[PDB]
$ cat my_file-v2.csv   # CSV, C-alpha atoms and all ligand atoms
chain,number,residue,atom,x,y,z
A,13,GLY,CA,-9.5,-20.1,-20.1
A,14,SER,CA,-6.9,-22.7,-19.3
A,15,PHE,CA,-6.0,-20.8,-16.2
A,16,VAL,CA,-7.8,-23.0,-13.6
A,17,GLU,CA,-4.6,-23.4,-11.6
A,18,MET,CA,-5.1,-19.8,-10.7
A,19,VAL,CA,-8.9,-19.4,-10.4
A,20,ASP,CA,-9.8,-18.7,-6.8
A,21,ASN,CA,-6.3,-18.2,-5.5
A,22,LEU,CA,-7.2,-15.1,-3.5
A,23,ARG,CA,-8.2,-15.1,0.1
A,24,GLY,CA,-8.9,-12.5,2.8
A,25,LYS,CA,-11.2,-11.0,5.5
A,26,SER,CA,-13.4,-8.3,4.1
A,27,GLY,CA,-11.9,-4.8,4.8
A,28,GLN,CA,-8.5,-6.5,5.4
A,29,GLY,CA,-7.5,-6.9,1.8
A,30,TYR,CA,-6.9,-9.8,-0.6
A,31,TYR,CA,-3.8,-11.9,-0.4
A,32,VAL,CA,-2.3,-14.8,-2.4
A,33,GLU,CA,-0.1,-17.7,-1.4
A,34,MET,CA,3.6,-17.4,-2.2
A,35,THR,CA,6.8,-19.3,-1.5
A,36,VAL,CA,10.2,-17.7,-1.0
A,37,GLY,CA,13.6,-19.2,-0.6
A,38,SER,CA,15.2,-22.7,-0.9
A,39,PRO,CA,13.7,-24.6,0.6
A,40,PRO,CA,10.4,-22.8,-0.1
A,41,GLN,CA,8.8,-20.9,2.8
A,42,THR,CA,5.1,-20.3,2.4
A,43,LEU,CA,3.7,-16.8,3.1
A,44,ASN,CA,0.3,-15.1,2.6
A,45,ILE,CA,1.0,-11.9,0.7
A,46,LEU,CA,-1.3,-8.9,0.3
A,47,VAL,CA,-2.0,-8.1,-3.4
A,48,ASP,CA,-1.5,-4.4,-4.0
A,49,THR,CA,-1.8,-2.7,-7.4
A,50,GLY,CA,-1.2,0.6,-5.5
A,51,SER,CA,2.5,0.1,-4.6
A,52,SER,CA,5.6,-1.5,-6.2
A,53,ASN,CA,7.6,-3.0,-3.3
A,54,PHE,CA,7.6,-6.7,-2.4
A,55,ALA,CA,7.9,-6.8,1.4
A,56,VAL,CA,7.5,-9.5,4.0
A,57,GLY,CA,7.7,-9.8,7.8
A,58,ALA,CA,11.1,-11.3,8.7
A,59,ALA,CA,10.8,-11.5,12.5
A,60,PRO,CA,8.4,-12.9,15.2
A,61,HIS,CA,6.2,-9.9,15.5
A,62,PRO,CA,3.2,-11.0,17.6
A,63,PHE,CA,0.6,-10.3,14.9
A,64,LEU,CA,2.2,-12.6,12.4
A,65,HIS,CA,1.3,-16.2,11.7
A,66,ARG,CA,4.5,-16.9,9.9
A,67,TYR,CA,7.5,-14.8,8.7
A,68,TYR,CA,10.4,-15.0,6.2
A,69,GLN,CA,13.5,-16.7,7.8
A,70,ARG,CA,16.6,-16.0,5.8
A,71,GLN,CA,18.8,-18.4,7.7
A,72,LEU,CA,16.8,-21.2,6.0
A,73,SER,CA,17.3,-20.1,2.5
A,74,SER,CA,20.3,-21.4,0.6
A,75,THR,CA,19.4,-19.1,-2.4
A,76,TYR,CA,19.1,-16.0,-0.3
A,77,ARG,CA,21.4,-13.1,-1.2
A,78,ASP,CA,21.8,-10.0,0.9
A,79,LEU,CA,21.8,-6.6,-0.8
A,80,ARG,CA,23.3,-4.6,2.1
A,81,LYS,CA,21.0,-1.6,1.6
A,82,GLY,CA,18.1,-0.3,3.7
A,83,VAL,CA,14.6,0.6,2.5
A,84,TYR,CA,11.7,2.5,3.9
A,85,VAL,CA,8.1,2.8,2.7
A,86,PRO,CA,5.5,5.1,4.1
A,87,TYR,CA,2.0,4.3,2.9
A,88,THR,CA,-1.0,6.4,3.8
A,89,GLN,CA,-2.3,3.6,5.9
A,90,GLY,CA,0.9,2.5,7.5
A,91,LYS,CA,4.7,2.2,7.4
A,92,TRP,CA,7.5,-0.3,7.4
A,93,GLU,CA,11.3,-0.4,7.1
A,94,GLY,CA,13.5,-3.3,6.3
A,95,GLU,CA,16.6,-4.8,4.7
A,96,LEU,CA,17.0,-5.5,1.0
A,97,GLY,CA,18.0,-8.8,-0.6
A,98,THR,CA,17.0,-11.2,-3.3
A,99,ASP,CA,15.7,-14.8,-3.4
A,100,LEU,CA,13.8,-17.4,-5.3
A,101,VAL,CA,10.1,-16.6,-5.4
A,102,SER,CA,7.2,-18.6,-6.7
A,103,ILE,CA,3.4,-18.5,-6.7
A,104,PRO,CA,2.1,-22.1,-6.1
A,105,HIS,CA,-1.4,-21.5,-7.5
A,106,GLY,CA,0.2,-19.6,-10.4
A,107,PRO,CA,2.3,-20.5,-13.4
A,108,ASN,CA,5.1,-22.9,-12.3
A,109,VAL,CA,8.1,-20.8,-12.7
A,110,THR,CA,10.5,-19.3,-10.2
A,111,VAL,CA,12.2,-15.9,-10.3
A,112,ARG,CA,14.9,-14.0,-8.4
A,113,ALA,CA,12.9,-11.0,-7.1
A,114,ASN,CA,14.0,-8.3,-4.7
A,115,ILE,CA,12.6,-8.7,-1.3
A,116,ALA,CA,12.1,-6.2,1.5
A,117,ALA,CA,12.7,-8.1,4.8
A,118,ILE,CA,10.6,-6.2,7.2
A,119,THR,CA,12.6,-5.6,10.4
A,120,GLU,CA,10.4,-2.9,11.9
A,121,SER,CA,6.9,-1.6,11.3
A,122,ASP,CA,4.1,0.5,12.7
A,123,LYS,CA,0.4,0.4,11.9
A,124,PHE,CA,1.3,-1.9,9.0
A,125,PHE,CA,0.3,-5.4,10.1
A,126,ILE,CA,-3.2,-6.1,11.1
A,127,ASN,CA,-3.6,-7.9,14.4
A,128,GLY,CA,-5.9,-10.7,13.4
A,129,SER,CA,-5.2,-10.7,9.6
A,130,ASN,CA,-3.9,-13.9,7.9
A,131,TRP,CA,-1.2,-12.2,5.8
A,132,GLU,CA,2.4,-11.4,6.4
A,133,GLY,CA,3.6,-9.3,3.5
A,134,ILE,CA,2.7,-7.1,0.6
A,135,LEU,CA,3.3,-7.6,-3.1
A,136,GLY,CA,3.7,-4.3,-4.9
A,137,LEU,CA,2.3,-4.8,-8.4
A,138,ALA,CA,2.7,-1.2,-9.7
A,139,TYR,CA,5.7,0.3,-11.7
A,140,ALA,CA,9.3,0.9,-10.7
A,141,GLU,CA,9.0,4.6,-10.8
A,142,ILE,CA,7.3,4.5,-7.4
A,143,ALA,CA,9.3,1.7,-5.9
A,144,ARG,CA,11.5,2.4,-2.9
A,145,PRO,CA,14.3,3.4,-2.3
A,146,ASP,CA,14.2,4.4,-6.0
A,147,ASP,CA,13.3,3.1,-9.4
A,148,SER,CA,16.5,1.1,-9.5
A,149,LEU,CA,14.7,-1.6,-7.5
A,150,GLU,CA,13.0,-3.9,-9.9
A,151,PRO,CA,9.4,-4.6,-8.9
A,152,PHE,CA,8.4,-8.2,-8.7
A,153,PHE,CA,6.3,-8.4,-11.9
A,154,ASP,CA,9.1,-6.8,-13.9
A,155,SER,CA,11.3,-9.6,-12.7
A,156,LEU,CA,8.7,-12.3,-13.4
A,157,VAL,CA,8.4,-11.1,-17.0
A,158,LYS,CA,12.1,-10.5,-17.8
A,159,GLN,CA,13.0,-14.0,-16.4
A,160,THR,CA,10.2,-16.1,-17.9
A,161,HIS,CA,8.0,-16.1,-21.0
A,162,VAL,CA,4.9,-15.3,-19.0
A,163,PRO,CA,3.0,-12.5,-20.8
A,164,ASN,CA,3.4,-9.0,-19.4
A,165,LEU,CA,-0.2,-8.9,-18.2
A,166,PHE,CA,-2.3,-9.8,-15.1
A,167,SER,CA,-6.0,-9.6,-14.1
A,168,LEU,CA,-7.9,-9.5,-10.8
A,169,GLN,CA,-11.4,-10.7,-10.1
A,170,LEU,CA,-12.1,-9.6,-6.5
A,171,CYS,CA,-15.3,-11.1,-5.1
A,172,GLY,CA,-16.9,-9.3,-2.2
A,173,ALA,CA,-17.7,-12.0,0.3
A,184,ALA,CA,-16.3,-12.3,7.1
A,185,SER,CA,-14.3,-14.2,4.4
A,186,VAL,CA,-13.6,-13.0,0.9
A,187,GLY,CA,-12.3,-14.6,-2.2
A,188,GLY,CA,-11.1,-13.9,-5.8
A,189,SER,CA,-8.8,-14.8,-8.6
A,190,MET,CA,-5.5,-13.4,-9.8
A,191,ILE,CA,-4.8,-14.7,-13.2
A,192,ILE,CA,-1.1,-14.1,-14.0
A,193,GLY,CA,0.1,-13.8,-17.6
A,194,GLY,CA,-3.4,-14.2,-18.9
A,195,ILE,CA,-7.1,-13.5,-19.0
A,196,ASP,CA,-9.7,-16.0,-17.9
A,197,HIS,CA,-12.9,-15.4,-19.9
A,198,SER,CA,-15.1,-17.3,-17.6
A,199,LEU,CA,-14.6,-14.6,-14.9
A,200,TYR,CA,-16.5,-11.9,-16.7
A,201,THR,CA,-19.6,-11.4,-18.9
A,202,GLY,CA,-20.0,-9.1,-21.8
A,203,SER,CA,-17.0,-7.4,-23.3
A,204,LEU,CA,-13.8,-5.8,-22.0
A,205,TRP,CA,-13.3,-2.1,-22.4
A,206,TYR,CA,-9.9,-0.6,-22.2
A,207,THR,CA,-8.8,2.7,-20.7
A,208,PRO,CA,-5.2,4.0,-21.3
A,209,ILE,CA,-2.7,3.8,-18.5
A,210,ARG,CA,-1.8,7.5,-18.5
A,211,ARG,CA,1.7,7.1,-16.9
A,212,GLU,CA,3.6,4.0,-15.8
A,213,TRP,CA,4.0,4.7,-12.1
A,214,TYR,CA,0.8,4.1,-10.3
A,215,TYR,CA,-1.9,2.5,-12.6
A,216,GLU,CA,-3.1,5.9,-13.4
A,217,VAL,CA,-6.2,6.6,-15.6
A,218,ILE,CA,-8.4,9.5,-16.6
A,219,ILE,CA,-12.0,9.7,-15.5
A,220,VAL,CA,-13.9,12.0,-17.9
A,221,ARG,CA,-17.4,12.1,-16.5
A,222,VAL,CA,-19.5,11.0,-13.5
A,223,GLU,CA,-23.2,10.3,-13.4
A,224,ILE,CA,-25.5,9.4,-10.5
A,225,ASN,CA,-28.5,7.4,-11.4
A,226,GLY,CA,-27.9,8.9,-14.8
A,227,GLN,CA,-27.5,12.6,-14.0
A,228,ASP,CA,-24.1,14.2,-14.8
A,229,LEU,CA,-22.6,15.6,-11.6
A,230,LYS,CA,-21.8,18.6,-13.9
A,231,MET,CA,-18.2,19.3,-12.8
A,232,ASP,CA,-15.2,20.2,-14.8
A,233,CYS,CA,-13.7,16.8,-15.4
A,234,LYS,CA,-10.3,18.0,-14.2
A,235,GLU,CA,-11.8,17.8,-10.7
A,236,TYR,CA,-12.3,14.1,-11.1
A,237,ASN,CA,-8.6,13.5,-11.4
A,238,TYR,CA,-6.8,16.1,-9.2
A,239,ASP,CA,-4.1,15.3,-8.7
A,240,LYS,CA,-4.5,11.8,-10.2
A,241,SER,CA,-6.8,8.8,-10.4
A,242,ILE,CA,-5.6,5.3,-9.9
A,243,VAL,CA,-6.7,1.7,-9.6
A,244,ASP,CA,-5.6,0.5,-6.2
A,245,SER,CA,-6.4,-3.0,-4.9
A,246,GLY,CA,-4.8,-2.4,-1.6
A,247,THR,CA,-7.5,0.1,-0.7
A,248,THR,CA,-11.0,-0.7,0.3
A,249,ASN,CA,-13.1,2.3,-0.6
A,250,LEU,CA,-14.0,4.4,-3.6
A,251,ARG,CA,-12.1,7.5,-2.8
A,252,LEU,CA,-13.1,10.8,-4.5
A,253,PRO,CA,-11.4,14.2,-4.3
A,254,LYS,CA,-13.0,16.4,-1.7
A,255,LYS,CA,-15.2,18.6,-3.9
A,256,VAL,CA,-16.3,15.7,-6.0
A,257,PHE,CA,-17.1,13.8,-2.8
A,258,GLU,CA,-19.4,16.6,-1.7
A,259,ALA,CA,-21.3,16.6,-5.0
A,260,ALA,CA,-21.6,12.9,-4.9
A,261,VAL,CA,-22.9,12.5,-1.4
A,262,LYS,CA,-25.3,15.4,-1.9
A,263,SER,CA,-26.7,13.7,-4.9
A,264,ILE,CA,-27.0,10.3,-3.2
A,265,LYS,CA,-28.9,11.8,-0.3
A,266,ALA,CA,-31.3,13.2,-2.8
A,267,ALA,CA,-31.9,9.9,-4.5
A,268,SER,CA,-32.4,8.2,-1.1
A,269,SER,CA,-34.5,11.0,0.5
A,270,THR,CA,-37.2,8.4,0.9
A,271,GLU,CA,-35.3,7.8,4.2
A,272,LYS,CA,-32.6,9.8,5.9
A,273,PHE,CA,-29.5,8.9,7.8
A,274,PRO,CA,-27.1,10.4,10.4
A,275,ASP,CA,-24.2,12.6,9.3
A,276,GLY,CA,-21.8,9.9,10.6
A,277,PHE,CA,-23.2,7.4,8.1
A,278,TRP,CA,-22.0,9.5,5.2
A,279,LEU,CA,-18.7,9.8,6.9
A,280,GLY,CA,-18.4,6.0,7.2
A,281,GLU,CA,-18.4,6.3,11.0
A,282,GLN,CA,-21.9,4.9,11.7
A,283,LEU,CA,-23.6,1.9,10.2
A,284,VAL,CA,-27.2,1.8,8.9
A,285,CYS,CA,-29.3,-1.3,9.5
A,286,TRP,CA,-32.5,-2.8,8.2
A,287,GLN,CA,-34.5,-6.0,9.1
A,288,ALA,CA,-32.7,-8.8,7.3
A,289,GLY,CA,-33.8,-9.0,3.7
A,290,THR,CA,-35.6,-5.6,3.6
A,291,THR,CA,-32.7,-3.4,2.5
A,292,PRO,CA,-34.3,-0.7,0.3
A,293,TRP,CA,-31.8,-1.2,-2.5
A,294,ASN,CA,-34.0,0.4,-5.1
A,295,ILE,CA,-33.7,3.8,-3.3
A,296,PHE,CA,-30.0,4.0,-3.8
A,297,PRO,CA,-28.6,5.2,-7.2
A,298,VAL,CA,-26.3,3.4,-9.5
A,299,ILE,CA,-23.0,5.3,-9.9
A,300,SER,CA,-21.1,5.7,-13.2
A,301,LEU,CA,-17.6,6.6,-14.1
A,302,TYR,CA,-16.8,7.4,-17.7
A,303,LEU,CA,-13.2,6.5,-18.5
A,304,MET,CA,-11.1,7.7,-21.5
A,305,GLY,CA,-11.2,5.0,-24.2
A,306,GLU,CA,-8.6,3.6,-26.7
A,307,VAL,CA,-9.9,5.8,-29.5
A,308,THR,CA,-9.7,9.6,-29.8
A,309,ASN,CA,-12.8,11.3,-28.4
A,310,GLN,CA,-14.2,7.9,-27.5
A,311,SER,CA,-15.0,6.8,-23.9
A,312,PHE,CA,-16.9,4.1,-22.0
A,313,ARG,CA,-18.7,3.8,-18.8
A,314,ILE,CA,-18.6,1.5,-15.7
A,315,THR,CA,-21.6,1.4,-13.5
A,316,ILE,CA,-21.7,0.1,-9.9
A,317,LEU,CA,-24.7,-0.8,-7.8
A,318,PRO,CA,-25.4,0.3,-4.2
A,319,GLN,CA,-24.5,-3.3,-3.4
A,320,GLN,CA,-20.9,-2.2,-4.1
A,321,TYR,CA,-20.6,0.9,-2.1
A,322,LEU,CA,-22.6,-0.3,0.9
A,323,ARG,CA,-20.3,-2.8,2.7
A,324,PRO,CA,-22.1,-5.3,5.0
A,325,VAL,CA,-20.7,-5.4,8.5
A,326,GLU,CA,-21.4,-7.9,11.4
A,327,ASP,CA,-23.0,-6.7,14.6
A,333,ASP,CA,-30.0,-7.4,11.3
A,334,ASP,CA,-28.6,-6.3,8.0
A,335,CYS,CA,-26.2,-3.5,8.6
A,336,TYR,CA,-24.1,-1.6,6.1
A,337,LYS,CA,-21.2,0.9,6.1
A,338,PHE,CA,-21.1,3.7,3.5
A,339,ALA,CA,-17.8,2.9,1.6
A,340,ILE,CA,-17.5,5.9,-0.6
A,341,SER,CA,-15.2,8.3,1.1
A,342,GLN,CA,-13.1,11.5,0.8
A,343,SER,CA,-9.6,11.4,-0.8
A,344,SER,CA,-6.4,13.3,-0.1
A,345,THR,CA,-5.3,12.3,-3.6
A,346,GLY,CA,-7.5,12.1,-6.7
A,347,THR,CA,-9.9,9.3,-7.3
A,348,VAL,CA,-8.9,5.9,-5.9
A,349,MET,CA,-10.8,3.0,-7.4
A,350,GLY,CA,-10.3,0.5,-4.6
A,351,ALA,CA,-12.1,-2.7,-3.7
A,352,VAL,CA,-15.6,-1.3,-3.8
A,353,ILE,CA,-15.0,-0.5,-7.5
A,354,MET,CA,-13.1,-3.7,-8.4
A,355,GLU,CA,-15.5,-6.1,-6.8
A,356,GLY,CA,-18.0,-5.3,-9.5
A,357,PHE,CA,-15.6,-5.9,-12.4
A,358,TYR,CA,-13.0,-8.1,-13.9
A,359,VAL,CA,-10.0,-5.8,-14.2
A,360,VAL,CA,-7.2,-6.5,-16.6
A,361,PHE,CA,-3.8,-4.9,-16.1
A,362,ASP,CA,-2.5,-5.0,-19.6
A,363,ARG,CA,1.0,-3.6,-19.0
A,364,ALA,CA,2.2,-4.7,-22.4
A,365,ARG,CA,-0.4,-2.8,-24.4
A,366,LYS,CA,-0.2,-0.1,-21.7
A,367,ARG,CA,-4.0,-0.1,-20.9
A,368,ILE,CA,-6.4,-1.2,-18.3
A,369,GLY,CA,-9.4,-3.4,-19.1
A,370,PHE,CA,-12.8,-3.6,-17.4
A,371,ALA,CA,-15.6,-6.1,-17.8
A,372,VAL,CA,-18.7,-6.9,-15.7
A,373,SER,CA,-17.7,-9.5,-13.1
A,374,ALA,CA,-19.1,-13.0,-13.0
A,375,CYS,CA,-18.9,-12.8,-9.2
A,376,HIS,CA,-20.4,-9.3,-8.6
A,377,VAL,CA,-23.3,-8.9,-6.2
A,378,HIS,CA,-26.4,-7.7,-8.0
A,379,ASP,CA,-30.1,-7.4,-7.2
A,380,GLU,CA,-33.2,-8.5,-9.1
A,381,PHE,CA,-33.9,-5.3,-11.2
A,382,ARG,CA,-30.5,-3.8,-11.8
A,383,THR,CA,-26.9,-5.0,-12.6
A,384,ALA,CA,-23.4,-3.7,-12.8
A,385,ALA,CA,-22.4,-2.6,-16.3
A,386,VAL,CA,-19.5,-1.7,-18.7
A,387,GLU,CA,-20.9,0.1,-21.7
A,388,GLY,CA,-19.8,2.2,-24.6
A,389,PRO,CA,-18.7,3.8,-26.8
A,390,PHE,CA,-19.5,7.4,-25.9
A,391,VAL,CA,-18.3,10.7,-27.4
A,392,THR,CA,-16.3,12.9,-25.2
A,393,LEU,CA,-14.2,15.7,-26.5
A,394,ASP,CA,-11.2,17.2,-24.8
A,395,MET,CA,-10.6,14.1,-22.7
A,396,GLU,CA,-6.9,15.0,-22.4
A,397,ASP,CA,-8.0,18.1,-20.5
A,398,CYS,CA,-9.4,16.0,-17.7
A,399,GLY,CA,-5.8,15.2,-16.5
A,400,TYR,CA,-4.0,17.5,-14.1
A,401,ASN,CA,-0.6,18.6,-15.4
B,1,LIG,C1,4.0,2.9,-1.7
B,1,LIG,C2,3.9,4.4,-2.1
B,1,LIG,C3,4.2,4.6,-3.6
B,1,LIG,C4,5.1,5.0,-1.3
B,1,LIG,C5,2.5,5.0,-1.8
B,1,LIG,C6,2.3,6.0,-0.8
B,1,LIG,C7,1.0,6.6,-0.6
B,1,LIG,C8,-0.1,6.1,-1.3
B,1,LIG,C9,0.0,5.1,-2.3
B,1,LIG,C10,-1.2,4.6,-3.0
B,1,LIG,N1,-1.4,3.2,-2.6
B,1,LIG,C11,-1.7,2.8,-1.2
B,1,LIG,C12,-3.1,3.4,-0.8
B,1,LIG,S1,-3.2,3.1,1.0
B,1,LIG,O1,-2.1,3.6,1.7
B,1,LIG,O2,-4.5,3.5,1.4
B,1,LIG,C13,-3.1,1.3,1.0
B,1,LIG,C14,-1.7,0.9,0.5
B,1,LIG,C15,-1.4,-0.6,1.0
B,1,LIG,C16,-1.7,-0.9,2.5
B,1,LIG,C17,-0.7,-0.4,3.4
B,1,LIG,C18,-0.9,-0.7,4.8
B,1,LIG,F1,0.0,-0.3,5.7
B,1,LIG,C19,-2.1,-1.3,5.2
B,1,LIG,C20,-3.1,-1.8,4.3
B,1,LIG,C21,-2.8,-1.5,2.9
B,1,LIG,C22,-4.2,-2.4,5.1
B,1,LIG,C23,-4.7,-3.8,4.5
B,1,LIG,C24,-5.7,-3.8,3.3
B,1,LIG,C25,-6.8,-2.7,3.3
B,1,LIG,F2,-7.2,-2.6,2.1
B,1,LIG,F3,-7.8,-3.1,4.1
B,1,LIG,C26,-6.3,-1.3,3.9
B,1,LIG,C27,-5.5,-1.5,5.2
B,1,LIG,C28,-3.6,-2.6,6.5
B,1,LIG,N2,-2.4,-1.6,6.5
B,1,LIG,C29,-1.6,1.2,-1.0
B,1,LIG,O3,-0.3,1.0,-1.5
B,1,LIG,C30,1.3,4.5,-2.5

$ encode --input "my_file-v2.csv" --output "structure tokens"
Amino acid sequence: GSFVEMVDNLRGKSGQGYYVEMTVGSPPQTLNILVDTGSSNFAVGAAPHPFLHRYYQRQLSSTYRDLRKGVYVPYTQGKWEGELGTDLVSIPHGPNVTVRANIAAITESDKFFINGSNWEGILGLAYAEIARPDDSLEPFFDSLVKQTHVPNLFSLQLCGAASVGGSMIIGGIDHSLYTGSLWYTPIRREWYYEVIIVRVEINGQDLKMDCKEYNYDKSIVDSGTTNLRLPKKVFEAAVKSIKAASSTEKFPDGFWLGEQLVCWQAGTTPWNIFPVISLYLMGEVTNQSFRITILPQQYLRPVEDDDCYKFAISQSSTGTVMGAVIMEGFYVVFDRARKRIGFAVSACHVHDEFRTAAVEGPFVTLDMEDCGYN
């Protein structure tokens, strides 16, 4: 509570990410910035690229300082390169402070900006270890914490819908955004927001795989990604098992690949025939775990075109990526200070009549440490 300045400060178009309003420079230039717990660079467009609504103009900033060094970041999805500097940054619908963060002024890019999107930059919320050019470049939230008395902690409530909304509470937790209790899983290493998944159930049936497979080569919480991404073998077992639960109908190969939609007459979507999915996460206490459960309403994204949906669980090059499909069911707390991530059922999650998202525990799981890849 007492974080209503910040409630509902996230916007976006579904499948195009969530962004938050920010100001940089003196005088303050407003930009919409993509919120990404999957990287650690703060970067903005700095030139009149045709896709951009606005861009960062350093000429205008009296507080701008050049850093004279270049920087290059290749994501899976895309790539940019720019010039480093520092400036005064603030989040209007956040806590009224201002910090001197590093900024990547994007001078060239490819497949990074979305033609049609309403954002112009990316805010890397993860740790310095994975910042570019190297961990010497202080990530934004590190700067925010060192320079103010704002608590080393933030939380995201992403609410799945063309338009999408959500909240980023900075420095706090807002208890009206979740129901039930928060359960914490350890942040395994401070680079990505890495975690250990110790077990997976589909409608309640263990997928029966060595838990190490769930996390090769790592599992992370990534707000800049849309899908629940599973490692290849795990992905196979999962889809196989979902087909079985939904055999009451059957669908084209391409649906399970996310390349072809499936539609029903509006309001007749056979929700009951799709299984709830569960990830057990390592808990705070030795041999203790807990479970998060998402409904089909989370992994079937609606798409315009009847009621049509895209299958939004997909295969992963890395380990497990808990992206938007996962986060839109839960209030996620990034407790950097206590080095742990918190999950609670979201106040804004989409649920049907008979079933609901869940965070439950505790469970007994031995050898949880063995689920990690080393
Ligand atoms: C930054 C670093 C450490 C070098 C790094 C390299 C590879 C993977 C990762 C893990 N986090 C990644 C996972 S990703 O590449 O799928 C999305 C990426 C952020 C990202 C980068 C883009 F060029 C684009 C998007 C997101 C968009 C917008 C939002 C979306 F979710 F709709 C998706 C599309 C459009 N293009 C995350 O940061 C970090």

$ closest_residue --input "my_file-v2.csv" --among "A:107, A:346, A:246, A:13" --to "ligand LIG 1 (chain B)" --atoms "all atoms listed in the file"
A:246

$ closest_residue --input "my_file-v2.csv" --among "A:243, A:229, A:386, A:79" --to "ligand LIG 1 (chain B)" --atoms "all atoms listed in the file"
A:243

$ closest_residue --input "my_file-v2.csv" --among "A:141, A:33, A:228, A:17" --to "ligand LIG 1 (chain B)" --atoms "only C-alpha atoms and all ligand atoms"
A:141

$ closest_residue --input "my_file-v2.csv" --among "A:282, A:392, A:308, A:28" --to "residue 208 (chain A)" --atoms "all atoms listed in the file"
A:308

$ atom_distance --input "my_file-v2.csv" --atom1 "CA of residue 195 (chain A)" --atom2 "CA of residue 167 (chain A)"
6.4 Å

$ atom_distance --input "my_file-v2.csv" --atom1 "CA of residue 24 (chain A)" --atom2 "atom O1 of ligand LIG 1 (chain B)"
17.5 Å

$ build_atoms --input "my_file-v2.csv" --residues "region 247-258 of chain A" --atoms "N, CA, C and O atoms" --output "CSV table (one decimal), keeping the file's coordinate frame"
chain,number,residue,atom,x,y,z
A,247,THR,N,-6.6,-0.8,-1.4
A,247,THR,CA,-7.5,0.1,-0.7
A,247,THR,C,-8.9,-0.4,-0.8
A,247,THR,O,-9.3,-1.0,-1.7
A,248,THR,N,-9.7,-0.1,0.3
A,248,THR,CA,-11.0,-0.7,0.3
A,248,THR,C,-12.1,0.1,-0.4
A,248,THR,O,-12.9,-0.4,-1.2
A,249,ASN,N,-12.0,1.4,-0.2
A,249,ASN,CA,-13.1,2.3,-0.6
A,249,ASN,C,-12.9,2.9,-2.0
A,249,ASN,O,-11.8,2.9,-2.6
A,250,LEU,N,-14.0,3.4,-2.5
A,250,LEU,CA,-14.0,4.4,-3.6
A,250,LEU,C,-13.7,5.7,-3.0
A,250,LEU,O,-14.5,6.3,-2.3
A,251,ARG,N,-12.5,6.2,-3.3
A,251,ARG,CA,-12.1,7.5,-2.8
A,251,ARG,C,-12.2,8.6,-3.8
A,251,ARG,O,-11.6,8.5,-4.9
A,252,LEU,N,-13.0,9.7,-3.6
A,252,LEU,CA,-13.1,10.8,-4.5
A,252,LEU,C,-12.4,12.0,-3.9
A,252,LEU,O,-12.4,12.2,-2.7
A,253,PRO,N,-12.0,12.9,-4.8
A,253,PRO,CA,-11.4,14.2,-4.3
A,253,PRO,C,-12.5,15.0,-3.6
A,253,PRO,O,-13.7,14.9,-3.9
A,254,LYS,N,-12.1,15.8,-2.6
A,254,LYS,CA,-13.0,16.4,-1.7
A,254,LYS,C,-14.3,17.1,-2.3
A,254,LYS,O,-15.4,16.7,-2.0
A,255,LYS,N,-14.1,18.0,-3.3
A,255,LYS,CA,-15.2,18.6,-3.9
A,255,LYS,C,-16.1,17.6,-4.6
A,255,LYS,O,-17.4,17.7,-4.4
A,256,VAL,N,-15.5,16.7,-5.3
A,256,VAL,CA,-16.3,15.7,-6.0
A,256,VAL,C,-17.1,14.8,-5.0
A,256,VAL,O,-18.2,14.5,-5.2
A,257,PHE,N,-16.4,14.5,-3.9
A,257,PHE,CA,-17.1,13.8,-2.8
A,257,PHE,C,-18.3,14.5,-2.3
A,257,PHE,O,-19.3,13.8,-2.1
A,258,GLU,N,-18.2,15.8,-2.1
A,258,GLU,CA,-19.4,16.6,-1.7
A,258,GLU,C,-20.5,16.4,-2.7
A,258,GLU,O,-21.7,16.1,-2.3
